[PDB]
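Survey of secondary and tertiary structure
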Amino acid sequence: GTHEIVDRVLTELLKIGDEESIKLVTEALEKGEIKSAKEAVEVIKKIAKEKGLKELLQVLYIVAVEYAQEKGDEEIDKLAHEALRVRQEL
Amino acid sequence: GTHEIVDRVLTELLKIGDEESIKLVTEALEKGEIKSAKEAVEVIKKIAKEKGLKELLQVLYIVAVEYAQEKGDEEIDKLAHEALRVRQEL
Amino acid sequence: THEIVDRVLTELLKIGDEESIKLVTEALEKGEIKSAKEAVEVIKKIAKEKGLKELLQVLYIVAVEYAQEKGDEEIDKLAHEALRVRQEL
Amino acid sequence: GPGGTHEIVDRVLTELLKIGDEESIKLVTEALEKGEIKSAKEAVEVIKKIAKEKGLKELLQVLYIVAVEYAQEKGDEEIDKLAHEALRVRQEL
Amino acid sequence: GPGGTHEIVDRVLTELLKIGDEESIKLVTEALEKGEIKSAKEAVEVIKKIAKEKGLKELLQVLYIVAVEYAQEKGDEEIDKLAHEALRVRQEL
Ligand SMILES: [Zn+2]
Ligand SMILES: [Zn+2]
Ligand SMILES: [Zn+2]
Ligand SMILES: [Zn+2]
Ligand SMILES: [Zn+2]
């Protein structure tokens, strides 16, 4: 759950070589800050808004919206769209 | 249903950085208008024909034929081919 | 029923082959393609006459993956003919 | 049998088209039409030797990828061995 | 056994071909051929170690992706933990 969102975000960040978001996301994971898939999205969303990381929010939208689709989870879908909104409003 | 079409369109728009189409599509989604995948294709195709958005229609054709293929939806398949006809007539 | 032509147009789009999209969509409009086999035959014939190597490339890939998916030996045979027609242009 | 034959050969041909390698395409399609390839294992073996003879590191790369993924799919340990062989041939060129 | 070893090693090689990392391909094939690997988990540890000692950032990126997806497939928390270690080792290189 936690790792399912986080690990995929990490993988997608490596593909675009966003090394700073990789560092920040992994820290949040290791700080014990993530206990659910839902928690992963809000934490990663918050981090990206604070540091102005448009590509992190793009990755986050894609990963969460597919996780929500795959699991039938309406809450994750909401956070994914809200991530893009943060991305727009940067 | 609705989000099945819209969310993949947004994901594909993100992959090519079509920031203009992303604005319009999430705007259409947020406006509570779209109640079905068929309405999703209709609204996006009409947006993109009005604005002359070749890349949106291409993404629309692909997302909608593959959705119509998966679920057996003759109406959506028709709408995808109409998306493509408008694009070629741009 | 026309699974093959849909996958062909998606691939033609990526390479921006608007002429093949046109000619392929025309064949679809007229009711010509009602099965996988007729999909490959009609598209291969159209690519042979109009001299479209890129269409035959796309058709081979699409047809051969379709054949593998469904275990359809006649489509496989058709896919390789389209490749041969390409190699002789 | 031809089931495994075309799974190897057709995916190799698909990948060669993607990189535009007409030289390999002609070499593989002619070996297939000449009856040189009657099983998955022979496909790998024939394409591997063709590529070694002509120094086609790009064809061995495709062959390795297609063969090891087929070997994992079918649990075929002989395809897997040939696949690693293809990679070694590529590496020694 | 050899199944899990090759599921890890073979995909790493596949991904290394895609980025053209011939230095890593050689070091990985060398470790495979030397019977130094009995399981998927050992494959990850040995590849992670080589990549640390030779400073191979790209091998570690490939290793994380291969190992973390294998771990998800197999419900294998030990291999997941290795995958994140591989990313940390890359961060310090
Ligand atoms: Zn993990
Ligand atoms: Zn959604
Ligand atoms: Zn259609
Ligand atoms: Zn074939
Ligand atoms: Zn192997």
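Below or above, wherever it landed, is the structure these notes cover. Each chain carries its own residue count, beginning from 1 and running in the order its sequence is written; this scheme need not agree with the entry numbering, and residues with no coordinates do not appear. Lettering for chains starts from A, numbering for ligands starts from 1, and both go in the order in which the items are written. Side-chain measures were taken over the full set of non-hydrogen atoms in the model, leaving aside hydrogen atoms and water.

On to the arrangement of the chains. For this analysis, residues touch if any pair of their heavy atoms sits within 4.5 Å. Ranking by contact count across five pairs of chains in contact places chains C and D at the top. These two, chain A and chain C, are apart from each other, with no contact and a minimum C-alpha gap of 21 Å. Separated without contact, chain B and chain D have their nearest C-alpha atoms at a distance of 20 Å.

Let us now look at the interface of chain B and chain A. In this assembly, ten residues from chain B lie in contact with eleven residues from chain A. By convention, the term buried area covers the 1.4 Å-probe accessible surface removed from two parts as they join, with the contributions of both added. Carbon and sulfur atoms supply 52% of the area buried between chain B and chain A, which totals about 950 Å² over both sides. Salt bridge, as used here, is a side-chain nitrogen of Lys or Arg placed within 4 Å of a carboxyl oxygen of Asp or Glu. Summed over the shared surface of chain B and chain A, the result is one salt bridge. Residue A:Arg87 pairs with B:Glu19 through a salt bridge whose shortest N-O separation is 2.8 Å. For the purposes of these results, a polar contact is taken to be a pair of N or O atoms within 3.5 Å, where, inside protein, one atom must be able to donate a hydrogen and its partner to accept one; residues adjacent in sequence count only when each atom of the pair is a side-chain atom. Our enumeration of links across chain B and chain A arrives at six residue pairs in polar contact. Mapped by element, the contributors of at least two residues to the side of chain B that touches chain A are α1 (2-15) and α2 (19-30) of chain B. With six residues, the top contributor of residues to the side of chain B that touches chain A is α1(B). Taken together, the residues of the side of chain B that touches chain A break down into four nonpolar, two polar and four charged. A run of H or I in DSSP becomes a helix once it reaches four residues, and a run of E becomes a strand once it reaches two; helices and strands are each numbered from the N terminus. Classification used: nonpolar for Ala, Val, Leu, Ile, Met, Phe, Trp, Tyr, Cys and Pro, charged for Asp, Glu, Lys and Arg, polar for all others including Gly.

Another aspect to go through is the nonpolar core. Note on soluble globular proteins: their nonpolar side chains tend to be buried together. The biggest cluster of nonpolar side chains holds 184 residues, and the ones touching the most others in it are A:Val9 and C:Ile4. Ignoring anything within four residues of it in the chain, the contact list for C:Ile4 reads C:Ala36, C:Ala39, C:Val40, C:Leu59, C:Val62, C:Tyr66 and C:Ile75. We define a nonpolar core as any set of buried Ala, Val, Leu, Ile, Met, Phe, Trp, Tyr and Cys residues linked to one another through side-chain atoms lying within 4.5 Å. Exposed residues in this analysis have more than 50% of their type's maximum accessible area, buried residues have under 20%, and partly exposed residues fall in between, with area computed by a 1.4 Å probe over protein chains only.

Moving on, we come to the coordination of the zinc ion (ligand 2). Six octahedral donors around a metal ideally subtend angles of 90 or 180 degrees, whereas four tetrahedral donors ideally subtend 109.5 degrees. In the first shell of the zinc ion (ligand 2), the protein supplies A:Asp77 (OD), A:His81 (NE2), B:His3 (ND1), B:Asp7 (OD) and B:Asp7 (OD), at 2.1 to 2.7 Å from the metal. In this pair, A:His81 sits in helix α5 (residues 74-89) while B:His3 sits in helix α1, so the two residues belong to two different chains. With relative accessibility at 12%, the residue A:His81 sits in the buried group. Note that water is not among the atoms used; donors are N, O and S atoms within 2.8 Å of the metal (3.2 Å for Na, K and Ca), so sites may look incomplete.

Okay, the coordination of the zinc ion (ligand 4) next. Coordination of the zinc ion (ligand 4) by the protein involves C:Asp76 (OD), C:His80 (NE2), D:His6 (ND1), D:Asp10 (OD) and D:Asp10 (OD), with metal-donor separations of 2.0 to 2.6 Å. You can see C:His80 sitting in helix α5 (residues 73-87) and its partner D:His6 sitting in helix α1 (residues 2-19), one on each of two chains. Just as C:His80 is buried, D:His6 falls in that class too.

Quick look at the pattern of salt bridges now. Residue and element names in this part refer to chain C. Counted by the stated rule, this structure contains 47 salt bridges over all chains. A salt bridge links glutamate 11 to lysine 14; the shortest N-O distance between them is 3.8 Å. Linking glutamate 11 with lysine 14, this pair stays in helix α1 (residues 3-14), spanning three residues, or about one helical turn. On the accessibility criterion, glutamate 11 (31% relative accessible area) is partly exposed. With relative accessibility at 56%, the residue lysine 14 sits in the exposed group.

We superpose the copies by least squares, fitting on C-alpha atoms. When chain B is fitted onto chain A, the two copies agree to an RMSD of 0.4 Å after a turn of 73° and an axial shift of 0.3 Å. Such a combination of rotation and displacement between the chain copies is what one expects of a five-fold axis. The position closest to the rotation axis in chain B is occupied by the C-alpha of B:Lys15, lying 11 Å away.

Let us look at the packing of α1(C) against helix α4 (residues 53-70) of chain C. Residue and element names in this part refer to chain C. For the pair α1 and α4, the least separation of the axes is 9 Å and the interaxial angle reads 135°. Comparing their axes, α4 and α1 come out oblique. α1 and α4 meet at a crossing whose hand is right-handed. Here α1 contributes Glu3, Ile4, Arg7, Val8, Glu11 and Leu12 to the contact with α4, which in turn contributes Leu55, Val58, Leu59, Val62, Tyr66, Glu69 and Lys70. Its residues placed into classes, the contact of α1 with α4 shows eight nonpolar, no polar and five charged. Where helices are involved, their axes are fitted lines through C-alpha atoms of the stretch in contact, as for all axes, and angles between N-to-C directions lie from 0 to 180°. Orientation labels follow simple angle bins: below 35 degrees gives roughly parallel, above 145 gives roughly antiparallel, 65 to 115 gives roughly perpendicular, and whatever is left gives oblique. Each crossing is labelled by how the near helix is turned from the far one, with a counterclockwise turn of less than a right angle marking it left-handed and a clockwise turn marking it right-handed.

Assignment of secondary structure puts E:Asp10 in helix α1 (residues 2-18). Sequence separation between E:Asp10 and E:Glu22 is twelve residues; the distance between their C-alpha atoms is 14 Å. The contact partners of E:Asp10, leaving out residues within four places of it in the chain, are D:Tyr64, D:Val68, D:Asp80 and D:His84.

Honestly, that's just the spatial picture; any functional story needs more than this.
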